[PDB]
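Form deposited in one PDB entry, single chain, as structure tokens, below.
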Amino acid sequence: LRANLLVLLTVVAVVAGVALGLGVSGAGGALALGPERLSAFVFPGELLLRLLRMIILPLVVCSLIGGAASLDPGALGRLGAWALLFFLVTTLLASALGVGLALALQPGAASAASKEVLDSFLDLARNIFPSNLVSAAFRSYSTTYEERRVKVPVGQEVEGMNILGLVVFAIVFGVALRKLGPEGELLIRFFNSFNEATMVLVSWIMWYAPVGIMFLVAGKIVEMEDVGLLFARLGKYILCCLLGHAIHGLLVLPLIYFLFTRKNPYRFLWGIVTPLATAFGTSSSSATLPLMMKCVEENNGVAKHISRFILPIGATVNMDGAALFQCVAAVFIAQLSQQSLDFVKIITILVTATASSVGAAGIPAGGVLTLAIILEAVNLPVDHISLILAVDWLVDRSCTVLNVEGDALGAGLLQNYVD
């Protein structure tokens, strides 16, 4: 079927990009290409990223408005509380697994290789309640410091979409529309139509996705000066990250799903393999959001009013893979600096990763800034982050799957809470 063809092409795009980038690097790489040729070579990946960033606003906002307006406020409140508990518990488990898998199997046992913590959470709270809806569509509040030599924190809005604030506003506005009654039907229909129109565009973009992924991966592995040396240096770190992701996705989340529902979790995952493949290929949660919702509603028995509400929220708040990656990177850096971590600092890492996972922006910087916040919370050198980013093109992808799987299973849990 053409859905299977698209999934196969999207997955094979990563392998083809890896091969193309290795060939280009072995044929001189960027120095042989030069800046002008390299920019054109990597441009298609940038085009794909721009296309994927375009859809996030209308898709998420309309989906959340519809999902919130399609449920009784009391039932919506109970469902949201349970979903938040599930997301927090899963993120905490991912962080704990990441820390445990790095203290053992030490990735940094070789010699080859800012905002205050309170101010970061105050900025998170400010972004949860945007001061302007139009501005929130492309800017987020951020605090810098001015010396008066007291470092007073002064804040301003800086580039970067405010997804968390818009999500909160969409949920509240949908609740208000539901409470209006027959007067709010027109707006519910309007936002549903907008959501369907946006999903059509997302489906069209999925066809160009493989070509963008090709050049994205090729350029991002051409930027590495030495593939062999870098991989020999970060082999154990990548092993820790991917092993933690595999353990969390294949053992922990399925175990929780079985314990609570007592149905087969792998039969559930078999119905969403296609969204998982799209997530791995594109590294975008919004890209798989429509396909994930379709598969969950059709292949699985999840009710529409459950999926349309839970999945858009999880795509923004549930970042198990990101938390695991951040904790593994923090332990790796702490081992590189030979700065022994005691129980207090381990708990600090866990709590900071869990708390900062909420509001992790969709941009690539959103998964590495939180790492800087964690390092500051524990007092680690940020200089080493250069290494961590160098393999994001792989690790981030592994994160994205774990960032969506936990969402789908989450819905699968709440369905049983409703049954």
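One rule holds for the numbers: they count along the sequence shown, beginning at 1. Just so we're on the same page, rigid core means the largest C-alpha set that superposes within 1.5 Å between forms.
Of the other structures of this protein that model both sides of residue 149, a third or more give it no coordinates.
Residue 168 is built in all of the other entries compared, counting only those with both neighbours built, so it is not a gap in a third. The modelled chain breaks after residue 148 and resumes at residue 149, leaving 4 to 9 residues of the deposited sequence without coordinates. Going from residue 113 to residue 114, you skip over 10 or more residues of the deposited sequence that the entry leaves unmodelled.
Another form, the form deposited with a small molecule bound, is not on view; read the next lines as being about it.
Under a 4.5 angstroms non-hydrogen atom cutoff, the small molecule in the deposited bound form lacks residue 390 among its neighbouring residues.
Within this chain, residue 66 is remote from the site of the small molecule in the deposited bound form, having no heavy atom within 4.5 Å. At a distance threshold of 4.5 angstroms between non-hydrogen atoms, residue 364 is in contact with the small molecule in the deposited bound form. Not displayed here, the small molecule is kept clear of residue 384 by more than 4.5 Å at the level of heavy atoms in the deposited bound form. The listed set 360, 62, 355, 378 contains one residue whose heavy atoms approach the small molecule in the deposited bound form to within 4.5 Å, identified as 360. Note on the partner interface in the deposited bound form: the residue among 285, 278, 307, 90 having a heavy atom within 4.5 angstroms of the small molecule is 285. No residue of the trio 272, 296 and 300 has any heavy atom within 4.5 Å of the small molecule in the deposited bound form. Of the stretches 74 to 82, 317 to 325, 229 to 237, 104 to 112, only 317 to 325 has residues with a heavy atom within 4.5 Å of the small molecule in the deposited bound form. Once you line up the core between the shown form and the other one, the CA of 369 is the only one from 56, 369, 48, 62 that shifts by 2 Å or more. Between residue 119 and residue 362, the C-alpha separation shrinks by 3 Å or more in the deposited bound form, relative to the conformation displayed. Panel note: the distance between the CA atoms of residue 22 and residue 362 is larger in the deposited bound form than in this form, the difference being 3 Å or more.
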